[PDB]
Each structure stands twice: as structure tokens, then as C-alpha cells.
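Chains as they are written, first to last, in the authors' numbering: chain A, 2 to 339; chain H, 3 to 84, 88 to 107, 111 to 225, 228 to 274, 278 to 338; chain E, 3 to 71, 74 to 339; chain D, 3 to 339.
Below: the structure, in C-alpha cells.
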Amino acid sequence: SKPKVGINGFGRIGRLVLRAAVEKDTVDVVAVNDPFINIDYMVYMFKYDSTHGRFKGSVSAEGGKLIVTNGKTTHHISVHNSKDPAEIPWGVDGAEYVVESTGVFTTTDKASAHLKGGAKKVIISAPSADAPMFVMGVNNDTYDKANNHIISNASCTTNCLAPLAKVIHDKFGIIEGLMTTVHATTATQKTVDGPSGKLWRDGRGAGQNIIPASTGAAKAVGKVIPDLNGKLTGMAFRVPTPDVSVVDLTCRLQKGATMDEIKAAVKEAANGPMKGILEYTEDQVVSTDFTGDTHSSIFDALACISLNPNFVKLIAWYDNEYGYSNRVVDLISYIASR
Amino acid sequence: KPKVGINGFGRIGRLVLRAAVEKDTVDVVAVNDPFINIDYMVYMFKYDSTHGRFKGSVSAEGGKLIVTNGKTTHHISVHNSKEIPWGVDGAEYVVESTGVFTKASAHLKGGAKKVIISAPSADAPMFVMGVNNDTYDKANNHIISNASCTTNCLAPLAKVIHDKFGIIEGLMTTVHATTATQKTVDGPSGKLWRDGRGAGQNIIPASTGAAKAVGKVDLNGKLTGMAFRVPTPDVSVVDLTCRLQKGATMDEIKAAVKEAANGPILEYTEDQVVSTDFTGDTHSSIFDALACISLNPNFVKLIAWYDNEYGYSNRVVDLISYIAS
Amino acid sequence: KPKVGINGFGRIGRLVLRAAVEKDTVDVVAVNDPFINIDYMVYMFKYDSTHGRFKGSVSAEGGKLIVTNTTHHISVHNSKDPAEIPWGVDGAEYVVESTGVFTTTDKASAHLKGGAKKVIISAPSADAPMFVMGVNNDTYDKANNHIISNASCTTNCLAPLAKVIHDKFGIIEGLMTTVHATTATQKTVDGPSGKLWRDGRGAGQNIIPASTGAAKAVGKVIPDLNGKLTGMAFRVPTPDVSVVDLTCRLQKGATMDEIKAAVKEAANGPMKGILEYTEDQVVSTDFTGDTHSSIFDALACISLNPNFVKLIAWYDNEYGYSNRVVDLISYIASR
Amino acid sequence: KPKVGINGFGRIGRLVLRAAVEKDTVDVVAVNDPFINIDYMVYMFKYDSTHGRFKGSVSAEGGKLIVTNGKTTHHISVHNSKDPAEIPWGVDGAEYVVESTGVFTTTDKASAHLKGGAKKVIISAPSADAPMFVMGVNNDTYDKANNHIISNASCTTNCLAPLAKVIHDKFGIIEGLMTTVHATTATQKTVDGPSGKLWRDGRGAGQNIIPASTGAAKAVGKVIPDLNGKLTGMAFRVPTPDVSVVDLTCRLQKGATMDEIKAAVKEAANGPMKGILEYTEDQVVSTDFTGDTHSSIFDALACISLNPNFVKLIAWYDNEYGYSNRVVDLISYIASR
Ligand SMILES: NC(=O)c1ccc[n+]([C@@H]2O[C@H](COP(=O)([O-])OP(=O)(O)OC[C@H]3O[C@@H](n4cnc5c(N)ncnc54)[C@H](O)[C@@H]3O)[C@@H](O)[C@H]2O)c1
Ligand SMILES: NC(=O)c1ccc[n+]([C@@H]2O[C@H](COP(=O)([O-])OP(=O)(O)OC[C@H]3O[C@@H](n4cnc5c(N)ncnc54)[C@H](O)[C@@H]3O)[C@@H](O)[C@H]2O)c1
Ligand SMILES: NC(=O)c1ccc[n+]([C@@H]2O[C@H](COP(=O)([O-])OP(=O)(O)OC[C@H]3O[C@@H](n4cnc5c(N)ncnc54)[C@H](O)[C@@H]3O)[C@@H](O)[C@H]2O)c1
Ligand SMILES: NC(=O)c1ccc[n+]([C@@H]2O[C@H](COP(=O)([O-])OP(=O)(O)OC[C@H]3O[C@@H](n4cnc5c(N)ncnc54)[C@H](O)[C@@H]3O)[C@@H](O)[C@H]2O)c1
């Protein structure tokens with residue numbers, strides 16, 4: 002009936018992918034693996050969520066399986082605690098599609114370990130150095146079932162930028178653009194100044210600081226939108242909020258446009274071919290207004306500004322946790338239909 | 003030393019007094035704030051959540067505010083008018102830092121000679137040190153404005169890059185700390201609906217005229235911008251996206267700023286800095302070399318830090334100091 | 003259903019409306035706030051940083067707020085002076101006084117001049133009588149009590165717990181601390197709060213000691229505990245949800261299991277919906293939007309000995325209280 | 003001057019070095035941390051989000067850490083061993099080692115430092131079996147001949163015990179219950195994440211008030227034996243980066259007004275407990291004690307009394323910097339014995 006899914010890494014993305022799966026009812030999660038969270042702890046972490054509130058439904062442990070229900074449907078989920086993804090028995094569980102959301106198996110070689118356990122497809126919940134990247138509504142139809150078995154759903158930021166960039170580029174042509182994302186705190190950061198050896202700024206106390214950071218998210222848009230390769234790059238500022246982020250894209254347009262024309266192009270995409278991916282708003286919103294929003298990108302029409310018809314700053318919101326999680330589920334549904 | 007009066011003993015008012023004491027280039031002789039009594043004034047100056055305890059002694063004696071750091075001692079007269090007798094106090098320069106007299113000439117009737125508005129003014133002339141302060145003309149400028157914190161950050165950076173490479177056009181974002189105009193939880197801000205939303209919970213899009221204001225200090231009409239208010243108590247950052255006339259390497263950009271930083278407001282760093290590293294920094298603008306990014310030699314994104322409290326408050330003192338000369 | 007008016011469309015005012023719409027046990031027909039026009043009211047009611055988007059539709063039509071989940077049609081006014089609000093004309097029988105600035109009986113009595121009959125002040129009052137649902141609400145007297153108080157969020161949390169513990173074991177004496185979320189009276193950065201200096205210091209940076217009469221007030225709503233309770237507060241940087249920390253001496257010694265049972269029995273019985281019991285490993289955000297007055301945190305409690313214990317109780321200081329305001333109106337309307 | 007080595011260059015490790023440089027009563031000669039190489043150590047010491055830029059100069063030269071305040075210079079050998087048994091404290095000359103990793107708190111684990119040539123080890127935390135000391139309270143019970151592995155207890159215990167001593171000596175504490183409202187630390191998480199033994203501690207720190215267990219009040223009974231079994235308590239972790247506060251609710255033997263209690267604390271603060279216990283009557287908040295070197299600052303006005311025999315006493319502490327100064331003081335003390 003529905004594609005059967007395994008989740009490796011029951012973290013912010015892993016747990017919220019499960020939440021999104023239950024609400025959307027387009028896939029069936031049959032297994033979860035996390036060596037740092039036993040079944041009773043899984044129940045607790047799924048039940049209570051500081052950002053997204055109490056799970057709207059019931060969750061419990063029965064027979065060494067996670068039982069998750071929202072009244073309508075019930076998911077019986079096998080639970081494993083293996084550190085080596087090769088040891089996860091996905092095949093026995095019937096997990097055809099595996100969400101690789103631990104944050105430490107992001108290459109094709111490491112992610113392929115899931116195939117040894119009997120999985121057919123793996124979706125890395127992060128950018129990959131070598132696995133092909135996909136963004137729903139932008140290049141997912143370029144997916145090639147016979148040759149793409151290990152794929153990436155890119156990053157939260159790329160999923161915000163790419164649908165907007167695609168709309169603007171299609172309509173006006175982006176010669177070049179520069180992106181800033183003001184990004185909420187994530188699990189890789191620290192509560193007080195601590196060790197972050199590869200990235201020193203990322204170790205500084207998240208709650209105290211505005212933190213400059215490099216991201217390949219804008220550059221990666223050139224990978225899901227080939228015509229913009231080399232035409233986009235960017236960076237981030239990490240700020241002390243628990244969730245929801247915003248993209249700030251400064252771009253030069255080939256064909257001149259008024260803000261009214263820009264709004265119209267976005268609304269058309271939002272109301273049509275990009276429904277559920279790209280949304281449009283004219284309200285006086287702030288970040289918390291998008292906690293739990295399922296879209297990849299919410300264009301903030303009122304926050305946008307133009308210097309002249311060929312030079313503009315475009316603003317788009319995203320729930321980096323829940324928006325992205327909804328796209329992982331959607332990406333699985335798409336490739337399973339292939 | 004020029005004698006200064008302060009109206010509104012808030013974040014800028016109090017920190018202006020602090021910078022004044024450290025720099026010892028002015029003599030504060032009076033303060034007015036009708037919502038703050040002299041005993042309350044002692045406390046607010048003494049303890050500061052952001053900048054720590056005042057380094058020195060402060061107390062009330064003889065109905066006057068007594069402020070000392072060992073080196074100097076300032077005796078400050080206190081008033082509570084919402088009518089301020091500035092002339093009697095000898096207060097030649099009045100900083101209008103209530104934020105609500107952006111109206112300002114009322115201070116001259118009390119005996120003031122020059123007035124510094126601690127904010128942009130709709131009708132008063134604007135000046136920022138290091139950019140247009142030498143354009144001041146003593147005979148005609150008696151009611152003036154020292155612009156905003158953000159403007160003092162962008163323009164010095166803008167000047168160096170433009171002088172060296174030429175900026176055709178640019179768009180600015182400032183990631184900005186929480187201020188007193190904001191709310192602790194969702195509350196009324198009738199003119200600016202987003203600014204009423206809980207500051208500690210939110211990233212808040214906000215408008216700023218700072219880039220436009222740079223057009224007053228050849229770049230008029232070539233820059234505009236906006237802001238995001240974020241949940242930090244102080245220190246903000248400028249994110250300047252620009253098109254260059256003459257192509258440049260990042261090494262070339264870093265070199266122009268470093269050379270300027272070591273010479274003629279703006280500093281250069283190549284360290285792995287974050288916002289708290291600039292709490293108490295007195296510069297108007299601090300260029301973040303490693304955080305800058307270029308797409309190509311003619312399209313770059315430039316990052317500059319500023320303590321929006323302490324930089325500007327220091328400038329309030331300096332604009333006073335320059336004009337007295 | 004009782005017809006209700008709301009004065010002051012702030013955190014409590016707006017959430018009393020949310021609680022009213024969800025409960026459908028009262029009908030809100032009018033609102034007054036001179037700093038928030040009808041269009042702004044829609045925005046403030048629609049979007050909420052703490053409690054999320056309104057679950058329903060809200061709009062302005064004909065100078066009226068249209069709020070539906074059932075449909076409530078609400079007349080809107082904008083007077084600073086409560087004497088000018090036509091509660092009688094709009095048909096507002098009970099007025100929620102949630103402005104924070106008319107906490108005296110004389111000041112609050114202005115709503116009676118506009119044609120309202122019964123008034124519930126959303127705060128402690130210096131001279132108006134205070135009530136806490138599940139504790140002393142039956143002492144309400146329709147003939148003589150027309151201007152009343154629903155006490156404080158903190159009092160609504162402590163008093164029900166205090167009642168259970170005192171009834172069951174006897175409280176000789178107790179001292180309360182509430183670790184309290186930031187509220188609208190505080191400041192984003194160090195600013196003027198002339199009457200209360202610590203409250204002026206930047207909320208996001210600080211733990212702020214503050215006085216509260218909430219604990220003493222339990223002695224007004226439970227007379228036998230008068231002079232036996234007091235306390236204080238620490239304001240901390242969270243946007244909502246607070247916790248009570250009650251250290252008390254018991255007359256009759258008790259184990260914690262026995263203490264737990266006394267609370268659970270009450271929670272499963274006469275105090276259902278008022279006092280709740282939990283044994284989970286909860287933290288503050290887990291009570292965001294919780295409608296209870298008090299949630300006893302069984303696992304966070306500690307005892308030194310059977311007669312000296314520390315009891316922990318959570319409360320959504322915004323939404324728990326807002327629901328009690330509604331329940332109280334429904335209650336006195338049942339009178 | 004006593005020569006000191008530091009294991010674990012974390013919040014305590016680093017601020018102990020800062021406090022050492024400022025007090026200049028010890029000489030730091032070695033540091034070990036396998037997750038922080040020498041160049042990174044420079045950065046982490048130089049810049050501090052909480053306590054500001056290091057007041058002095060810091061650099062890397064010759065695989066050694068060079069730390070100076072103009073007057074004095076500390077030349078620090080740098081190591082990166084995971085096993086503390088492999089650290090050459092003797093070769094570097096580290097007689098006293100601050101054990102500030104958080105993962106070697108038992109005596110057996112702490113004893114690993116002895117094999118490297120260290121003589122004394124100070125565990126920067128409570129210990130299950132190593133003896134605990136609080137400066138100004140029970141450090142004179144230290145026994146040089148037999149105590150080689152010791153504990154400086156916890157930050158919270160260093161706040162409570164000096165106040166507990168003063169109130170108890172003067173009025174007699176029959177029994178007491180403590181709450182500490184505590185700043186966030188490094189064991190917590192930025193967003194909801196795994197904390198398998200302590201589920202509440204895994205919940206996002208910036209969003210939550212978090213109940214937590216602490217043995218700090220009970221531990222006062224070990225450094226003040228007469229209060230054994232007479233104190234216990236718990237904690238709430240709140241979203242601030244530093245500075246915490248003790249909330250002590252106690253029953254008194256001899257009835258007292260708050261003014262008498264204040265007077266008793268004032269006397270101790272200006273006399274035998276100077277530099278350890280401080281008294282203030284100001285309208286303070288937590289940030290006013292950022293960087294404060296005292297173990298405990300009594301907040302006289304925040305105190306409240308129910309009756310002459312039942313009171314609630316409020317005391318502040320910089321859990322990072324107060325405790326760090328005491329570590330140095332304890333080294334300075336035992337070295338003088
Ligand atoms: N959080 C976001 O906003 C966000 C958005 C989009 C993408 N992502 C990406 O998704 C991935 C997950 O990020 P997150 O925020 O959910 O992180 P997280 O730290 O919340 O989740 C990581 C989880 O993986 C588990 N894990 C660790 N090692 C494991 C192993 N060997 N086997 C199985 N499980 C293991 C951990 O116990 C933890 O529960 C990251 O790569 C991140 O870059 C994150
Ligand atoms: N905070 C910053 O980063 C910053 C930087 C540059 C400029 N500014 C501007 O400077 C101005 C001051 O801002 P602030 O941060 O000190 O705000 P603030 O709230 O800290 O200061 C306001 C003070 O003015 C006093 N006041 C109120 N009404 C008054 C009256 N009728 N007469 C005299 N005094 C009165 C208040 O008692 C209060 O102490 C604002 O216009 C602000 O936009 C702020
Ligand atoms: N927020 C809480 O957690 C909480 C809990 C329990 C009780 N209370 C009490 O309830 C009251 C409401 O607090 P709040 O947090 O909603 O404050 P708030 O700032 O959210 O609400 C204030 C509102 O009252 C309005 N107002 C101001 N003057 C007015 C006038 N003259 N007439 C009508 N309306 C006016 C303002 O426009 C504002 O919208 C407070 O007194 C508070 O002490 C608050
Ligand atoms: N932070 C406070 O407020 C505070 C106060 C008093 C005591 N303490 C105690 O101090 C100790 C350290 O706490 P912290 O807050 O500095 O934590 P932290 O995480 O800031 O410091 C721990 C440091 O130890 C290092 N480390 C980890 N494993 C190691 C190993 N095998 N060998 C050597 N070094 C290793 C880490 O790289 C890290 O830098 C803990 O026991 C804590 O209980 C903390």
C-alpha cells in the first residue's frame with residue numbers, strides 16, 4: 002500500500018520524519034535504529050518535543066516494537082541499536098527505503114552499508130560529497146532508478162533556496178546571486194564555549210552568540226539547478242533560536258522586474274506547480290509563525306526589497322526541522338512511485 | 003573640557019556617560035530623565051547586564067550624581083522634567102537621547121548651544137565620524153543628529169571598498185541585537201507589528217534606513235537595506251553585498267582594509286570571531302575577513318561587526334569633541 | 003451560555019478568548035483595548051509566538067471581530085477609560101478585567117458604570133476578594149460579590165496543591181519559590197522600572213529575584229493557612245511556563261509515595277482538570293498550552309524526612325490561568 | 003610557587019588558568035586535552051563568550067603555551083593524551099594537577115595522574131570516595147601526609163557551605179532544603195538530544211526550565227559534619243550561560259529576625275570569610291556576578307522570612323569563575339602545608 006521505511010538515527014530529523022510520515026500517511030515506517038536511544042527512551046523523545054509540542058497521538062513500547070498511532074493509522078516499528086549500519090536487518094524488517102539521518106554516513110561508501118542489510122534505497126538526510134542530490138519540486142524528476150540507489154535530499158537551506166531561485170531564474174534569469182541564511186541553533190552546536198575542532202566558531206556558546214558560518218547550500222543550488230552552477234554562493238549566521246530559519250538571497254536579474262512582478266511569479270508557482278513546496282505570504286510574520294510549517298520555502302513578500310529592477314533582495318522562511326523532514330517523506334514517496 | 007548635558011538616561015545616555023568618563027574628552031555637568039530618580043540613576047549606571055559593573059565609583063551626594071574612576075571626578079546635576090535649566094548648569098551640548106525628540113530645539117531655550125540627537129532625524133542634518141564630520145559648519149548647525157549605530161558601521165567600510173574598487177550597487181542586511189523598543193513577549197507595537205513579537209523567541213524582519221543614510225555620507231541611491239532582529243542583548247553585524255567596478259581578489263580586499271585599518278573607526282581581524290567577542294569594542298565597524306565571500310572579483314559579500322551600544326555611544330562623545338574644536 | 007466582555011487584549015485577554023472558543027462554555031461578545039485596533043486585534047489573535055497559530059479562522063467584518071472554530077461575533081471598542089465602554093449595549097454581562105491597570109475595586113468598578121453586572125479581575129486585588137477554582141470558588145456570593153479576582157497564575161498553582169497537602173497531612177509552615185517565565189512587565193534590555201528596580205534588568209540575560217504575594221494570598225483563599233505561607237520568585241529567560249517550588253513542614257509525617265497518592269487521588273477525582281499528576285521526565289516546554297492550574301511533578305519532588313519536603317508543581321502561567329478565568333465565569337453563571 | 007598541571011582545558015580548565023594568571027599564586031607548567039590541539043587552545047583561552055577577551059597575551063611557540071599578563075609569564079607544556087596515566091607531569095614538573103575533565107572523578111581514576119609524576123591531584127568536582135574540601139569551611143582538616151587525591155567539591159557546594167556554616171554557628175540549623183537555580187553547562191544540549199542516564203538533561207537548554215538532581219546540599223554535611231543528614235536539595239537548570247543562585251529554606255534553632263541574620267552574614271563576610279563569602283544589599287541580578295571571585299554572595303534583600311524560625315536565604319555564585327578561583331586557592335593552601 003505504502004512504501005516501507007527504515008530510519009537510521011532517531012534525532013531531530015529522524016523523529017520528525019516519523020511525525021511527518023504519520024500525519025501525511027504516504028509511507029509506512031517499520032524500523033528505527035539508534036545505538037544511543039533504547040526503546041523506552043525513543044518513546045519519551047518522540048512523545049515530548051520542546052519545539053514541536055506533544056506528539057498528537059499515542060506512542061508506546063510493546064513487544065520490543067515502537068507503537069505509534071494517530072487514531073487513523075498504527076505503525077509497528079522494529080527497534081535496533083547497532084552502531085554499524087551494516088548490521089541493521091532492514092530486509093527482515095521490510096524496510097525497503099532507509100532514511101540515513103545520523104549525520105555520520107553521508108558518503109556513498111558509508112551509506113551503502115544499508116544495502117548490505119537488505120535495503121534497496123537510501124536517502125541521506127544531508128548534503129553528500131558524491132551521492133546525487135535532489136530537491137523536491139526542482140530536480141527530483143531527474144532521479145534515475147536503475148543507477149541512483151544511494152541519494153541525498155540535500156540540506157534544509159538548499160531546499161529553501163532552490164525552489165525560490167528556480168522560480169526567479171525561470172522568470173527573470175539570475176546572472177549571479179549571493180545568499181545569507183539566518184539559521185536557528187542545531188545539535189552540532191554547544192551550550193557554552195566548547196570543542197569544535199574542525200570549525201572553531203561553531204563551538205562558541207550558541208545561546209550567547211551570533212555566529213558566522215560557511216555553508217555550501219547556495220553553491221549546491223547549482224547542482225539541483227545546473228544552469229546556475231557557479232552563479233550562486235553564500236554563508237550563514239547562526240543565532241539563538243531553537244528552530245526556523247530564513248534565507249536572504251541577493252541577486253542580479255537579467256530581465257528587469259518590479260516587486261509586483263516578482264510577487265506575482267512566486268504566487269503563481271505557490272498556487273500551482275510548486276504547491277506544498279513553495280508558499281507565499283503577505284502577512285507580518287516572524288520566525289515562530291513557521292514552527293511546524295510543512296513547506297520547503299515561504300516567500301516573505303513584505304520583507305523583500307529592491308534597489309532597482311535588476312538588483313533585489315529576496316526573503317524566504319523555512320522550518321529547517323519540519324519542512325525538510327516533510328521533504329524526506331515526499332522524496333521517498335516520489336522514488337517509490339518510480 | 004566641553005560641558006555636556008544628557009537627556010534620557012537610557013542605554014545610550016548611560017553608556018555615553020561611561021565612554022565620556024573613560025575618554026575624559028568631555029565634562030558631563032547635567033542629566034535629565036523624569037522616569038529615573040537620582041538614587042535609581044546611581045544603580046543603573048553602576049550595574050550593567052551587558053557591560054558589567056562601572057569601573058569606578060558612583061553615588062548621590064548633595065542631590066548631585068558623583069561619578070569617579072580615580073583619575074577624574076564629575077559632579078552631575080540631576081533634573082526630572084518631561088523646562089530643563091541647562092544654561093545654569095553650564096551645559097553647552099545637549100544629547101537628546103530619549104528617542105522621542107528626533111522638538112529638539114526645546115533644549116536651546118533652556119540655554120543649550122549645540123544639540124546632539126542620538127538617532128537619525130527626519131529634518132535635522134546627519135553626521136557620522138570618519139565619513140562626513142569635517143563637513144560640519146559651526147555657524148549654521150546647532151541642532152544636529154549623529155545617525156544610527158548601523159550607519160556608523162556600514163559607511164566606513166563602504167568608503168574603503170568604494171575608494172579602492174568602486175561600488176556600482178550594493179544591498180545590505182544587518183543582523184541586529186534586541187533593543188528597548190522591542191517586547192519581552194508578544195505585545196503592542198501598533199506602528200510596526202513585527203517589532204511587538206516576543207524578542208527572545210523570534211527572528212524578526214525589520215526596516216532600517218542605514219544604507220540609505222550612507223547616501224548622505228557619491229553613493230547616494232546606490233545602496234539600500236533591511237534588518238533581522240535576533241535574540242542577543244548587544245552587538246550586531248553588517249552583511250554587505252556589492253558589485254565592484256574593478257575586479258579584486260579577497261587578498262586584495264583584505265589588504266585594502268588592513269592598510270586602512272592600520273592608518274587613517279574601522280578595524281581589521283582575521284580571527285575566528287563571534288558576536289560576544291566585540292562586547293565593549295569602541296570601533297564603529299570591525300571588518301571580518303574570514304567571513305567575507307566573493308562569487309567573482311566583481312561580486313562580493315562583506316561582513317562587518319559593531320557593538321551597536323558602545324560604538325555609537327563613543328561616537329556621541331566624539332562628535333561632541335570634534336565640534337567643540 | 004454566559005455572555006462575556008474582555009478589557010485589555012493582552013496575553014491573558016487574547017488567551018481567555020482562545021480558551022473560551024475551545025471550551026465553548028461562554029460566549030465572548032465584546033473586547034476593548036485603546037492600543038490595538040480591529041485589524042491589529044486580528045493579527046495579534048491569529049499569530050502567537052508562544053501558542054502557535056489560532057486553530058480556526060479570525061477576521062474583521064463591520065467593525066466586529068469574527069472568530070470561529074461554532075462562531076463568535078465580537079464587538080470592538082477602544083476606550084482607555086472603562087467608563088465609556090458599553091458592555092450593557094453589547095450585552096456583555098461578565099467582564100474580564102485583564103488590563104493590569106485597574107486592580108483596585110474602585111478603579112475596576114467603572115465597568116459597572118458601563119452596564120456590566122459581574123466583573124472578574126485577571127489579577128490579585130488589594131481590596132477586591134480573590135477566588136481560586138477548586139479551592140474557594142464556592143464562597144462566592146452573587147448578592148454581594150460583583151467585583152472579584154481570580155488571584156494570580158502562581159496562586160492558582162500553589163493553592164490547589166497546598167489544599168491537598170494541608171488537608172491530608174497538615175502544613176505547619178511553608179516557603180515557596182516560583183521559577184517564573186518572563187512576562188510583559190519586564191524589559192528586553194536594562195531599562196526603567198522605578199518602583200521595582202531588578203525587574204528593569206534585561207530579561208534574556210538574567211535570573212531576576214522578585215517579590216510576589218502569591219504565597220501569602222493562598223492564606224486568603226485558604227484561611228487556615230494564613231500566616232503559614234509566604235514566598236518569592238526568580239524571573240528567568242523563558243517565554244512561558246513557570247514552576248512552583250514549595251518547601252513545607254508537615255504535621256503528620258508522610259513518605260513520598262503517600263504524598264504522591266494523595267495528589268493523584270485528588271487529580272483523578274475532585275480536582276480533575278485543576279490539579280494534574282505526572283511521573284514523566286518533564287521539562288517546562290512540555291506544559292506550553294496546558295490548561296491545568298497545577299501539574300504536580302512527582303519525580304522532581306524531594307524529602308529530607310517524613311515531615312520536611314520539597315514539592316514541585318508546573319503551570320502555564322498564561323494558558324492555565326486563562327482557562328480558569330473561563331471556568332470561573334461558567335461557575336458563577338451556574339449561580 | 004607551586005607548579006600546576008591542568009587536565010581538561012574546558013570551562014573549568016581554562017578559567018582556572020585565567021584565575022591562576024591573575025592571582026599569580028601558582029605556576030602553570032602543563033595542560034592536557036586530546037580534543038584541543040595547541041593552536042586551538044590559544045583561541046579558546048583568548049576569546050570567551052562569557053568572561054570576555056583574555057586580559058593579557060596568549061600565543062603558541064615551540065609546542066608550548068605562552069600566557070602572560072605583562073608582569074608574569076607562564077610557559078605551558080601541551081599534551082593530547084586520552085589516558086591520563088600517559089601524561090608526563092613530572093618531566094614537565096607538574097606537582098599539583100587539576101583534574102577538570104569530568105570523567106576521572108573517583109580516586110582510582112584520579113590516581114592515574116600519580117603514575118605520570120604528579121604528587122597531588124585536585125578533582126574539580128565532587129568525588130564518590132576522594133575527600134572533599136571547601137576553602138573557608140573545612141580545608142584546615144586537610145592532612146598532607148595522607149590526602150594526595152582530593153576533591154574541591156562542587157560549585158554549588160562551595161556556595162552553600164560557607165553560608166550554611168555562618169547561619170548554623172550563629173543560629174543552629176535544625177534542617178534545611180535547598181534549590182539552586184543554575185546556569186546552563188556543557189553537559190546540556192542545544193536542542194532536544196540524547197542524555198540516556200538523565201532524560202531531562204537532554205532537552206533543549208535554551209528553551210527550558212529543567213529539574214535536576216544534585217548532591218550538593220547533602221555534601222555540605224561532609225564538609226560540615228554537624229549538618230550531616232540535615233540538608234538535601236535539588237536544581238533547576240535555566241537558559242543563562244553562567245552564574246547561578248542558591249535558595250536555602252531552613253529551620254533555625256534560635257529564632258532570628260532577618261536583620262539579625264544579615265548582621266551575622268555581614269560579620270563573617272568582613273572577617274574570617276573575607277574573599278569567600280560576600281554580603282550585598284543592592285538590587286542585584288545574575289549578570290552582576292559575572293566574573294565574581296567569591297564562593298558565595300549573600301543577597302540580603304532577596305531573602306525573605308516566614309517567622310523567626312523558618313527563613314529562606316538567597317546566595318549568588320559564578321559557578322564557572324568563583325569555583326575556579328577556589329581551585330587555585332586550595333592548591334595555594336595545601337602547598338603551604
Ligand atoms: N536539524 C536540522 O535542522 C536539519 C535539517 C536538515 C538536515 N539536517 C541533517 O540531518 C542529519 C540529522 O541531523 P539532526 O539535527 O537530526 O541531528 P541529531 O543530532 O538531532 O540526530 C542524530 C541522531 O543520530 C543518532 N546516531 C548517532 N550515531 C549513530 C549510529 N552509528 N547509528 C544510528 N544512529 C546514530 C544519534 O543518537 C542522534 O539521535 C544531519 O546530517 C543534518 O545535517 C538537519
Ligand atoms: N540601543 C542602541 O543600540 C542604539 C544605538 C544608537 C542609537 N540608538 C537610539 O538612541 C535612542 C535611545 O535609545 P535607548 O536604547 O537608550 O532607549 P532606552 O529605552 O534605553 O532610553 C529611553 C530613556 O529615555 C527616558 N525618557 C522617557 N520619556 C522621556 C521624556 N519625556 N523626557 C526625557 N526622558 C525621557 C526614559 O526614562 C528612558 O530612560 C533611541 O532613539 C535609539 O533609537 C540606540
Ligand atoms: N502573563 C501572565 O503570565 C499572567 C498570569 C496570570 C495573571 N496575569 C495578570 O493578568 C494581567 C494581564 O497580563 P498580560 O501579560 O496580559 O499583560 P499584557 O501586556 O499582555 O496585556 C496588557 C494589555 O492591556 C491593554 N491595555 C492597556 N491599557 C489599557 C486600558 N486603559 N484599557 C484597556 N486595555 C488596556 C494593552 O493594550 C495591552 O494589550 C496582568 O495584570 C498580570 O499581572 C498575568
Ligand atoms: N561549568 C561549571 O559551572 C562547573 C563548575 C564547577 C565544577 N565543574 C566541573 O568541572 C568539570 C569540567 O566541567 P566543564 O564545565 O569545564 O566541562 P567542559 O566540557 O567545558 O570541559 C571538559 C573538558 O575536558 C576535556 N576532556 C574530555 N575528555 C578528556 C580526557 N580523556 N582527557 C583530557 N581531557 C578531556 C574536553 O575536551 C573539555 O575541554 C566537570 O566535572 C564539572 O562537573 C563545572
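C-beta atoms are modelled at their ideal positions from N, C-alpha and C, and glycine is treated no differently.
For ligand 4, is there any heavy atom lying closer than 7 Å to the beta carbon of residue i?
i, result
"D/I38", "yes"
"D/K191", "no"
"D/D35", "yes"
"residue 342 of chain D", "A question about residue 342 of chain D goes unanswered here, because the residues of chain D that appear run from 3 up to 339."
"A/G195", "yes"
Bridge partners of residue i, per DSSP?
i, result
"D/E63", "D/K66"
"H/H53", "H/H53 is not bridged to any residue."
"D/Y319", "D/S246"
"D/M46", "Bridge partners of D/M46: none, in fact."
"D/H81", "D/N34"
"A/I151", "A/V123"
"A/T282", "A/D301"
"E/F312", "E/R253, E/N309"
When you measure from the CB of residue i to every non-hydrogen atom of ligand 3, does any distance come out below 7 Å?
i, result
"E/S126", "yes"
"E/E322", "yes"
"E/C157", "yes"
"E/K84", "yes"
Quick check on residue i: does DSSP put it in helix, strand or coil?
i, result
"D/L165", "helix"
"H/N71", "coil"
"residue 340 of chain D", "The question about residue 340 of chain D has no answer here: the residues shown for chain D are numbered 3 through 339."
"E/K5", "strand"
"H/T234", "strand"
"H/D290", "helix"
"H/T27", "coil"
"H/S338", "coil"
"A/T159", "helix"
Just to confirm, does residue i get its C-beta within under 7 Å of one of the non-hydrogen atoms of ligand 2?
i, result
"H/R13", "yes"
Looking at ligand 1, does it come within less than 7 Å of residue i, judged from the CB to the closest heavy atom?
i, result
"A/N9", "yes"
"A/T182", "no"
Minimum length 4: unbroken alpha helix (DSSP H) runs contained in the region 172-227 of chain D: Complete alpha helix (DSSP H) runs here, min 4: 218-225.
Whole runs of the alpha helix (DSSP H) within the region 89-146 of chain D, excluding any shorter than 4 residues: Residue ranges of uninterrupted alpha helix (DSSP H) with 4 or more members, entirely inside the region 89-146 of chain D and ordered along the chain, are 91-94, 109-112.
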